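Observations on the three-dimensional arrangement
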Amino acid sequence: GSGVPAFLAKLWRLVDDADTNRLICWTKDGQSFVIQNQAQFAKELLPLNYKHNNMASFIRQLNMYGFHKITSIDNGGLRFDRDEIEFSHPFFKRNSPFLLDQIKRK
């Protein structure tokens, strides 16, 4: 809503409009966003939009912008771990027409 690219503008319209949730929803109140599903979270939301399907491509792209998933651990033992792909960005929340303009490919 202020010279924001379409890629990001779509996310705001993707994590809402009540049409995905299960594949992607907000985490705690409304700050970051998680994507429990991976497969199903690919051949249904990426097409009819970017055209290109695949999935690891949409992720290796999240890094090109500047994202960091909170599921690296690489050392634990408790249950958890079940495709919990979490995403965090100190510049992506609800009403905030000033956290996007500062997001572009490195």
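Residues numbered from 1 in each chain as written, not as in the entry; some residues may be left out. Heavy atoms only, no water.

Header annotation of the entry names solution NMR as the structure determination method.

The next thing to look at is the sheet that holds strand β3 (residues 86-87). Spatially, the three strands line up as an open sheet ordered β1-β2-β3, and their pairing is antiparallel. Unpaired on one side and paired on the other, β1 (25-27) and β3 mark the two borders of the sheet. Relative to strand β2 (residues 32-34), β1 runs antiparallel, the two sharing three bridges. Across the sheet, residue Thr 27 finds its bridge partner in β2, namely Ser 32. (Pairing = 2+ DSSP bridges. Helix = DSSP H or I, 4+ residues; strand = E, 2+ residues; numbered from the N terminus.)

How two aromatic rings sit relative to each other is set out by the distance from centre to centre and by the angle between their planes. The tally for this structure, following the rule as stated, stands at nine aromatic pairs. Considering the side-chain rings of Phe 7 and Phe 58, the 5.9 Å spacing of their centres and the 5° angle between planes classify their relative orientation as stacked. Of the two residues, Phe 7 sits in helix α1 (residues 6-14) while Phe 58 sits in helix α2 (residues 56-65), which places them 51 residues apart along the sequence. Among the residues examined, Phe 7 registers a relative accessible area of 23% and is labelled partly exposed. Since its relative accessible area comes to 8%, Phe 58 is described here as buried. Pairing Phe 7 with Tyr 65 gives two aromatic rings, centres 5.2 Å apart and planes at 70°, and the pair type is edge-to-face. Here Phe 7 is found in helix α1, whereas its partner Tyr 65 is found in helix α2, with 58 residues between them in sequence. Residue classification places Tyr 65 among the partly exposed positions, given a relative accessible area of 21%. (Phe/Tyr/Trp six-rings, centres within 6.5 Å; stacked < 30°, edge-to-face > 60°. Buried < 20%, exposed > 50% of the residue type's maximum accessible area, 1.4 Å probe, protein only.)

So, on to the nonpolar core. With 24 residues, the main nonpolar core has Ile 24, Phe 33, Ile 35, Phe 41, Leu 45, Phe 87 and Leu 100 as its most contacted residues. Those elements that provide at least two residues to this core are α1 and α2. For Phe 87, the contacting residues outside a window of four places in its chain are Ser 32, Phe 33, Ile 35, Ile 59, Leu 62, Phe 67, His 68 and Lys 69. (Core = buried A, V, L, I, M, F, W, Y, C linked by side-chain atoms within 4.5 Å. Contact = heavy atoms within 4.5 Å.)

Here we come to the environment of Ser 72. Its place among the elements puts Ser 72 in the loop between α2 and β3. Distance in space between the C-alpha atoms of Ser 72 and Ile 85 is 9.3 Å, their sequence separation being 13 residues.

With that out of the way, let us pick up the environment of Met 64. Structurally, the position occupied by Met 64 is in helix α2. When the C-alpha positions of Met 64 and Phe 80 are compared, they lie 28 Å apart, and in sequence the two are 16 residues distant. Excluding residues that lie within four positions of it along the chain, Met 64 makes contacts with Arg 105 and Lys 106.

With that settled, the discussion passes to α1. What sets the pattern is the α-helix's 3.6 residues per turn: residues three or four places apart point alike. Every buried residue of α1 is listed here: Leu 8, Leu 11 and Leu 14. Down the axis of α1, the buried set is contained in an arc of 115°. They therefore lie on one face. Where the residues of α1 are buried, they touch α2. (Arc of directions from axis to C-beta.)

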